[PDB]
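Novice: need a 3D model of the sequence below.
(chains A, B, C, D, E and F)
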Amino acid sequence: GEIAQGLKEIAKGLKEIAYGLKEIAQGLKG
Amino acid sequence: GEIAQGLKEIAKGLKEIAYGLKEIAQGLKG
Amino acid sequence: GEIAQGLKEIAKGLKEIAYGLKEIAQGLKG
Amino acid sequence: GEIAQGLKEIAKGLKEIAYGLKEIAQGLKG
Amino acid sequence: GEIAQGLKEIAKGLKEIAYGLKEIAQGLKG
Amino acid sequence: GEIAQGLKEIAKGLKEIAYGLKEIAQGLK
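Specialist: Numbering: from 1, shown residues only, chains lettered A, B, ... in the order given. Below you will find the coordinate block:
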């Protein structure tokens, strides 16, 4: 139920964090 | 329920973090 | 519940991290 | 309990990331 | 549980990222 | 389950990022 939904939203947030960190690493290369 | 609510609040915090990381990447590229 | 309270405390800390990341982004833009 | 512990460790990692980004931004302005 | 294990693996990865960012900061300052 | 699998895949991606950041750091120093 909403526990599984809460964990799926956490996973989505972590995926978006990962993608921001990728963008940061790209920016630091040039 | 309050476990689900706490998990969704964490997810909200993670998504806010992802927004800040993306903005940092934007700032590195510009 | 103590677990729900702990999860809300985590969420509070994450939101504080988010604000600091937005500060870093603002400083990179000027 | 184990899920909350994982989330607290994630929050610690994100706090460390934010510190490293602030130090990077200072170094890029220097 | 495997969800807690995945969250702890993400925390380890985030801490590794934090160390690389700090090394980048140190390299810009030195 | 699918949540655990997705989290493990995120963790794999974070290791890739860490190793890009290592390359950057060593290129400065």
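Novice: what helix or strand is residue A:20 on?
Specialist: Assigned by DSSP states H and E, residue A:20 belongs to helix A:2-29.
Novice: so that helix, near chain D or not?
Specialist: Yes: for helix A:2-29, a contact with chain D is found by Cβ under 8 Å from any Cβ of the partner chain, at A:7, A:10, A:14, A:17, A:21, A:24, A:28. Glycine gets a C-beta too; all of them are placed from N, C-alpha and C.
Novice: as TSV, these with neighbour count and distance to residue E:3 would be great.
Specialist: Formatted as TSV, these follow (neighbours: other Cβ atoms under 10 Å in any protein chain shown; distance: Cβ to Cβ, whole Å):
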residue	neighbour count	distance to residue E:3
A:7	23	6
A:10	27	9
A:14	28	12
A:17	27	17
A:21	28	21
A:24	26	26
A:28	23	32
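Novice: quick check: closest non-adjacent residue to the residue of chain A found nearest chain F.
Specialist: Among all residues of chain A, residue A:25 sits closest to chain F, at 4.5 Å; criterion: Cβ to the nearest Cβ. The shortest distance from residue A:25 to any non-neighbouring residue, by Cβ to Cβ, 6 or more residues apart in numbering or on different chains, is to residue F:20 (4.5 Å).
Novice: residue A:17 and residue B:14 touch, don't they?
Specialist: Yes: the pair residue A:17 and residue B:14 passes the contact test of Cβ atoms under 8 Å, sitting 6.1 Å apart.
Novice: ok, now which ones touch residue A:10?
Specialist: Counting by Cβ atoms under 8 Å, 6 or more residues apart in numbering or on different chains, residue A:10 touches B:7, B:10-11, B:14, D:7.
Novice: next, the angle from the helix holding residue A:20 to helix F:2-28.
Specialist: 20 degrees (axes from the mean of the first three to the mean of the last three Cα atoms, to 10 degrees).
Novice: now the residue nearest to residue A:25: how far from chain B?
Specialist: Distance, residue F:20 to chain B, by Cβ to the nearest Cβ, to the nearest Å: 13 Å.
Novice: who's in contact with residue A:20?
Specialist: B:18, B:20-22, B:24-25.
Novice: which residues touch residue A:6?
Specialist: Residues in contact with residue A:6 (Cβ under 8 Å, 6+ apart) are B:3-8, B:10-11.
Novice: can you check residue A:2 too?
Specialist: B:1, B:4, B:8.
Novice: 10 Å instead?
Specialist: A:9, B:1, B:3-5, B:7-8 (Cβ atoms under 10 Å, 6 or more residues apart in numbering or on different chains).
Novice: among those, which one has the most neighbours?
Specialist: residue B:7 (27 neighbours; other Cβ atoms under 10 Å in any protein chain shown).
Novice: surely it meets residue A:12?
Specialist: No: the criterion here is Cβ atoms under 10 Å, and residue B:7 misses it with residue A:12 at 11.9 Å.
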